[PDB]
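If you read the sequences in order, they're chains 8, 5, 7, 14, 10 and 6.
Residues in the first sequence are numbered from 19 upward in steps of one, following the entry's author numbering.
Residues in the second sequence are numbered from 11 upward in steps of one, following the entry's author numbering.
Residues in the third sequence are numbered from 80 upward in steps of one, following the entry's author numbering.
Residues in the fourth sequence are numbered from 36 upward in steps of one, following the entry's author numbering.
FYI, the numbering for the fifth sequence is 409 to 488, 500 to 542, going by the entry's author numbering.
Residues in the sixth sequence are numbered from 58 upward in steps of one, following the entry's author numbering.
Below: the structure, in structure tokens.
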Amino acid sequence: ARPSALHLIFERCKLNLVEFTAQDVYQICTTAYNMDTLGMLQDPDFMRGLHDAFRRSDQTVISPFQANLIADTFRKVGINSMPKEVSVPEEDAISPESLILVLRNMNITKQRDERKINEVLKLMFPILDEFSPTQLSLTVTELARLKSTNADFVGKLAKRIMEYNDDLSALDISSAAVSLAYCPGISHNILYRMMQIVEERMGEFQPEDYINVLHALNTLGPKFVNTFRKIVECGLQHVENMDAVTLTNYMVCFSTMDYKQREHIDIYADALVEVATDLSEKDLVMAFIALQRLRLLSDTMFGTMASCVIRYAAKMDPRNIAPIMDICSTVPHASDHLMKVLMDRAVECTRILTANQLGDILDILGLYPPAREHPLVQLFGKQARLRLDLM
Amino acid sequence: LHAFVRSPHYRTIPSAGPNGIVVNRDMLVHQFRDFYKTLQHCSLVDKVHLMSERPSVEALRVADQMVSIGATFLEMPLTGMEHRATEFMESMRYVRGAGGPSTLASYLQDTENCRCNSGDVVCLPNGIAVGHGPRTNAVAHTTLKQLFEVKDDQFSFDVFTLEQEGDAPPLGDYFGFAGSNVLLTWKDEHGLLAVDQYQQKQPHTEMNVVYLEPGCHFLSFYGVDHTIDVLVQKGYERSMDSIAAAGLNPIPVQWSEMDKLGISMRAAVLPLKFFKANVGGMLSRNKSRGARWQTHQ
Amino acid sequence: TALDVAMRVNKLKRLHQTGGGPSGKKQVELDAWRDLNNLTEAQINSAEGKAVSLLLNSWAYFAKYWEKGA
Amino acid sequence: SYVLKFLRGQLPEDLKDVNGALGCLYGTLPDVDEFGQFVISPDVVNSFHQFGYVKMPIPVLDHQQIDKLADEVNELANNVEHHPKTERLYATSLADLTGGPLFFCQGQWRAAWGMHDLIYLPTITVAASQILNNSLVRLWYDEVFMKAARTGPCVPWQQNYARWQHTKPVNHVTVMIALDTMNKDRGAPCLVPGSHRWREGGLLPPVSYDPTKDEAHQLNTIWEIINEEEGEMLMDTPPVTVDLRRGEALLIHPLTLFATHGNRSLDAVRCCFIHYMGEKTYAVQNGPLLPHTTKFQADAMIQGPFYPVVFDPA
Amino acid sequence: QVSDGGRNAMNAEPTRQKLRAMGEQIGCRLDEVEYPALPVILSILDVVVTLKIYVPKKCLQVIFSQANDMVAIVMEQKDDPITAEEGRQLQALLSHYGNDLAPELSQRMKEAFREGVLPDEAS
Amino acid sequence: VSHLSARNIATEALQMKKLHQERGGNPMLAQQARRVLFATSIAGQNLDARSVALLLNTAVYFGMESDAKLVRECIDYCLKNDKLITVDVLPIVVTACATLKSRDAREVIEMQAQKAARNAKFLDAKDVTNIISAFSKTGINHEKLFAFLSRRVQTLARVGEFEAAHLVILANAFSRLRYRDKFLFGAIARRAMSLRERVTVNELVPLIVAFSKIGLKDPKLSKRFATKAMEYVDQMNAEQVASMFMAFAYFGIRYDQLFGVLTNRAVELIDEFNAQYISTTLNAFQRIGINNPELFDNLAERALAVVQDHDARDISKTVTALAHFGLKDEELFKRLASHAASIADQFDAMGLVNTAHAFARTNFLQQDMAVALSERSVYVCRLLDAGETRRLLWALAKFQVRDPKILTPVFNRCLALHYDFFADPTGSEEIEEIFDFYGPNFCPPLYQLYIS
RNA sequence: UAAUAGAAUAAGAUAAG
RNA sequence: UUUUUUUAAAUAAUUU
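And the structure:
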């Protein structure tokens, strides 16, 4: 129920008779998201008017994420909205902060544009000497997220960042390492020098620093195994009290680098399986694959990890059914209960599986004896006959 | 495993190759087509890439550009192959097209007087064998030992220097590994000498040695992924019999014209192992190569 | 105008948010009701965006505590 | 013929050739025995026959459908990347390639999806059949109006049938649908109650249009075409403005005096007029009724691909 | 365009000699021109080397002197697109013809590789 | 369908399109896919380049023009992120943009043409055929790109890296672009030779059709195609027999020993011929020039039964072929004239003038047909050649049409092309007929130009 | 006040210059 | 079955 004053305010908002700025729209959206007493999201004709005011306003005053939040709260109610693209600064407007803002808006609002990225890079080349140490790392991160191919500029930024080793902290070092590892074309000399920097300040690392360094090492590959060595020993004194996701990243790195020292691998796996119950679906799947690839799935190991994966098997992602099916085979252990619920889950989502996933699932289930007396064979036969065009 | 080959240029195929032996271009083209089909029929290779033709007949030797030492793609010094320099460029773009490395390591190029020829490096289990012959100087040996040689209990990589005479061919043309244990070598002076040297430098090790007829070119993809495919020349039946009796799968390949031009099967292919960068703590699916549900049946 | 009324209602809202005031929080809510109902057709037909947003925020916050919906 | 393999799924060049209605807005049309749900109350029909117009109680389209239909209008007046099938329109405000503060389009049901679907909407077509004495309903033509922000003009008093003099019998109805919230400050309709029975069902003389003048004078031109008694009933029942929501529709008699207000809001306002006619409708001359259409002769029954049958109570 | 096993296979080598000599005619007059960019030099020298065309030492000295200023501009200014592969080709060409021609360019280009100023073709 | 992500929407749209184009054109699937695509938006979600390309291609395939929201969003994505459109998804974008004729579509097509031109050396067997087909859909004149793609196709075909489907797709794509390369088509024909039994009847007829359409003027391969197809006639369908007739009418060489067998097979399947097959066979016999009354009687008798199935193209070709041979079928001509009067608005620029001239040449005048086509003639005058304008004017004069609203467009068109109007000797007689009816009074400037 | 990522896949006739 | 590929090119002429 809307009283006379509230009714008239709502009508003025609905009729586009009120000039709203971006800040006022943000305040109204925040109030709506916080308190639902007035039913703002339950009036389509009011939210549509607010969106119309949003389009015709100056969105540059608010931060990029504020515009993204307005767009998100308009999408949630059912309105197709998108924040406006920012223009490249011109003439006196070129400053490091204004150029970083363009990349930040492209990131947050998901409006990636290769042409404006190239223009911003060409504008930022001459004034690269005015950047503060933090802005260089911000630029490296923003360019890493946008999947930029200009590895030369990222290498220049990495050299300038690494010139300031003393100023940077552990978190900044780890973020720079992972961002550089994500860029494909970086010259290996810069990566070697950055990994040398990471090798020192090793004890200053926090769990997030460990996760970032492990992600960078996973992306880089076996050529940096020596650096990974300095990780494992450094993690040998803290393994008994470590996060589960950190141990999963450790196991993934062990699988990737093809580590040779089996004692450390056994120690890390034995510490992981103690807290393996705290892992999410994706982390548990990756840990299960990594343990299989290192020839470490004993009877207790497989039983303990399957007991944990059965919990997520009920509503498993389609991308996770095939892997655990592969791990269930090639091992001499009893996994009847796991395979039953996995086959049932595969039956449930037979109409959304892609051609590759359906073919993979059928390939693993081809030689399984209990899979013949199942509706899945007939349902998958019909689905494969339908999907032969996309195979 | 991606295998790169280049089509011959029919117009500029020499009328007679080294030693004045006459060659037939039509049979060369037919044999190259058969070789491409044989490479495609190999189960281990993921893809076979065919680069466009180039005027020089020397451009067919694609493996001369670089070598794969572990996870490092080392580029040979551009000392005696200046006229091939641009050709190498046209080959790297192909490697960039298939999702391979952005660029090769230039460790050998930077070093002074470091003559090395790809093909004197043999990828033995847990190490590499290099040949100290005319094609490779002591400087290249020292640089390779400084780079890839590591002595540790489990992180061990060995670089073996195998001396050879001046008239010897490249080590890869008569010395190699097959399967996981078999050693393929020629029953010639150089092959026996290399086998004896490798036995001397790696004692207390049991392995099988298989002797092929001299001049019988072979090609065997030895690496992490086990295989039994050993390509061999068609004429030599006894080499095929020996390889079959060693527990491998010989694949006879007609290689007359390329042999009479001095090019071998190893030098005509560029086998590179590509991977996909894993963003974050994410593992990538791998194709199966064994039996499933062994316990059940 | 309407901006001043919205600002003083926001001051009452902040006073209720922090504490209850010397006169009590229920009296604050009642005074907020009287102040909000004071708006006439003249002010609301010429209110800017900031005043409308402030009035909406104050009304939404005070609708939580009022026993009736309003 | 042979439709190429990559052209098998395409549509005709003009959507007139599309027999039936596409499933885009509300899916497919209901079955023959499923058309009784959209019937309107007899009091609505009595109110239409008494006042000369009536507002249907329920909105005819969901908000997502209204958004899509307004996107069609927004893309029908691009002026930069001109609309495909622009030549499939009877008239356009952008024929001069410049437009202005008022955009009007005609025959858009042959140009865009949704607009072609809106013709076959059961909710309005069943009501039009009930208005037309339960006969076959045939599309006469469409119209789309879009008034810009702070500068949109107003259409002065007019009678619809004054533009349809080449059709012999008065057997027409207008359905006006608001694609945006309207008010007296942005494009609301202003109709004269009981104005369809003034000159014995005749047509008032056309009004004098002098542009570039204030809205008050434009709406005050009424006192120049009426006579003394019509002045008296205008004194008794002054013109009334109908406020429309984001999807509400309004049935209008052809002979009812009708105008649209100007746009003084901060955003453009859009509306769609659809004209329907009954089965027993004839022409008066020899030639086409609309530009580039099928030509009839003498008192020829109006039918063809350009005037599809959208409802049949049999 | 000459085939060693065609209808006129016996005649092919004289044609190559004629082509080579008329290439020498142009190659002897290679000191008067002014090269605007490195690719022109890397194409002319590639043609000279591939066809085994003889070039006088004077023209070679002028050619290698011209590129020195350009690579020096690229290295020193660093603000202003010689990729790494082009630099490697230039180094190989200079090594093939002999480093006594331009002793400055050798050290300059070797230091350019060590520092890493020249970008890669992928970027 | 609300629970399905856009990545699943693209996959299901591709599945629906594949089922629609090949496994029968079911309107149920067409309208379901249109309804699903009409409520989709690439906004606020991160999508792959392949998913956006698939959404764009499947939307455009289902009749969705350039004014759509999804089409605009997909076109915008491609422009902003161009390097993300690798050679794997380049053909999808090009095929989607082929029918779209707008500024953004033109720019996208040009950018992808340059990308394919740069990377023509690095493609494999699938990519070359997909790219060349996608560019054969769109109308472009980038010869250099076509030459590079042809060089790559020859290089790949030397090692034998093309199947029969690849060969037919390549031949059709290159013949559509009118790219006459003797060596590329020789390599394709030799690849078919080497494939041997892997080329079946269903995959051999389109190859012959594509080789005939390009017109290489090579009698060495036409004889070989005739010999190879002479053993497959007994297996050939009616739609394949008609295409065989058309292809060997295109070739222009007379093979009596093959045409006799084709005629016998066509007579055997006379009950299966549609209007399209009859029109194609008649047009092929007109082009090649053989006069065979025995097959013509059966074809006319069959066409009398499928009159209601005749399209405007079929009517034009059948009437022209029957008029050329001097065959008198009063009932068939009456029915065809009435049908053409029924669907007069479906006639294109060439079909209308061809039908009018064919009906006027024979002493057959019908007011139902004449009035309809004369009225329709106004909209096609601006798309006609000088010779076509002369033919249309002569046919209109034979109909005794005097309406100025009809005659002004055609006289304007023939005045704008007066030099070519009066420079064709074969039409000279027609000229002295046209001015014999109208006289000097009608359009004096044309009469004065005729006098000079 | 607000930032976490996975998939690798090919349909095929326009009345020409 | 053996044809051919690799520039930054910028010099027309006009009352349209």
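Built from N, CA and C at the ideal position, the CB exists for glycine as well.
Closer than 8 Å to the CB of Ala-121 (chain 7) there is not a single CB belonging to chain 8.
Chain 6 has a Cβ within less than 8 Å of the Cβ of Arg-43 (chain 5). Less than 8 Å divides the Cβ of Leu-376 (chain 8) from the Cβ of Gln-401 (chain 8).
The C-beta of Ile-307 (chain 8) has 16 or more other C-beta atoms within 10 Å across all chains shown, which makes the residue buried. Between the beta-carbon of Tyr-443 (chain 10) and that of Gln-474 (chain 10) there is about 5 Å, and that keeps the pair under the 8 Å contact cut.
DSSP places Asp-177 (chain 14) within a strand segment (E or B) once states are collapsed to three. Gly-203 (chain 8) has a beta carbon lying within less than 8 Å of a beta carbon in chain 10.
The closest CA to that of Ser-170 (chain 14), considering only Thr-316 (chain 14), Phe-331 (chain 14), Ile-75 (chain 14), is found on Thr-316 (chain 14). Chain 8 has no Cβ within less than 8 Å of the Cβ of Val-107 (chain 7). Taken in chain order, the members of the segment 276 to 293 of chain 5 whose beta-carbon sits within less than 9 Å of a beta-carbon on chain 8 are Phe-285, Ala-287, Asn-288, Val-289, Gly-290, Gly-291, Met-292, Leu-293.
The residues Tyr-117, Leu-118, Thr-121, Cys-124, in chain order, have a CB closer than 8 Å to that of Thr-153 (chain 5) in the same chain once the five nearest residues on each side in sequence are set aside. For the segment 99 to 119 of chain 5, the set of residues with a beta-carbon nearer than 9 Å to any beta-carbon of chain 8 comprises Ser-112, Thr-113, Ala-115, in chain order. Not a single C-beta of chain 5 is nearer than 8 Å to the C-beta of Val-441 (chain 10). Among the CB atoms of chain 5, none fall inside 8 Å of the CB of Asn-230 (chain 8). According to DSSP, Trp-196 (chain 5) shares a beta bridge with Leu-222 (chain 5). The alpha carbon of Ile-491 (chain 6) has as its nearest neighbour, out of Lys-462 (chain 6), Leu-449 (chain 6), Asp-477 (chain 6), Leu-474 (chain 6), the alpha carbon of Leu-449 (chain 6). Scanning its chain for C-beta atoms nearer than 7 Å, with the 5 sequence neighbours on each side dropped, one finds around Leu-214 (chain 14) the residues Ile-101, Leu-104, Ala-105, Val-108, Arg-305, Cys-306, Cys-307, in chain order. Within chain 14, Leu-57, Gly-58, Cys-59 have C-beta atoms less than 7 Å from the C-beta of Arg-91 (chain 6), given in sequence order. Boundaries of the beta strand (DSSP E) around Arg-16 (chain 5): 12 to 16. Of the candidates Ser-66 (chain 5), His-200 (chain 5), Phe-158 (chain 5), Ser-112 (chain 5), the residue whose Cα lies closest to the Cα of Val-243 (chain 8) is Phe-158 (chain 5). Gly-187 (chain 14) is bridged by DSSP to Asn-298 (chain 14).
Among the CB atoms of chain 8, none fall inside 8 Å of the CB of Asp-519 (chain 10). For a Cβ distance threshold of 7 Å, residue set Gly-128 of chain 7 lies close to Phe-38 (chain 8), ordered along the chain.
Contact annotation: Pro-393 (chain 8) and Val-365 (chain 8) have beta-carbon atoms nearer than 8 Å.
Spatial neighbours of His-201 (chain 14) in its own chain (CB-CB distance under 7 Å, excluding positions within 5 residues in sequence) are listed in chain order as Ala-318, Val-319, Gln-320, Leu-324. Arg-198 (chain 14) carries a helical assignment under DSSP once its states are collapsed to helix, strand and coil. Across the set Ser-347 (chain 8), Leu-254 (chain 8), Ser-166 (chain 8), the C-alpha of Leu-254 (chain 8) shows the shortest separation from the C-alpha of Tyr-228 (chain 8). The criterion of a C-beta distance shorter than 8 Å is satisfied by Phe-231 (chain 5) and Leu-11 (chain 5). Within the DSSP secondary-structure output, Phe-331 (chain 14) pairs in a beta bridge with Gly-322 (chain 14). If you draw a straight line from the Cα of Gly-408 (chain 6) to the Cα of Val-117 (chain 6), it is about 28 Å long. At a Cβ-Cβ threshold of 8 Å, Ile-261 (chain 14) and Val-242 (chain 14) do not count as neighbours.
Sixteen is the threshold: when 16 or more other Cβ atoms of the shown chains lie within 10 Å of the Cβ of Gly-137 (chain 5), as they do, the residue is buried. With respect to the C-alpha of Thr-195 (chain 6), the residue from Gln-169 (chain 6), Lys-201 (chain 6), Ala-177 (chain 6) having the closest C-alpha is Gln-169 (chain 6). The beta carbon of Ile-345 (chain 6) sits closer than 6 Å to those of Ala-306, all from its chain and outside the five residues before and after it, given in chain order. Bridge pairing for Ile-328 (chain 8): absent [DSSP]. Around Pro-24 (chain 5), the beta-carbon contacts reaching into chain 10 at under 7 Å are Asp-412.
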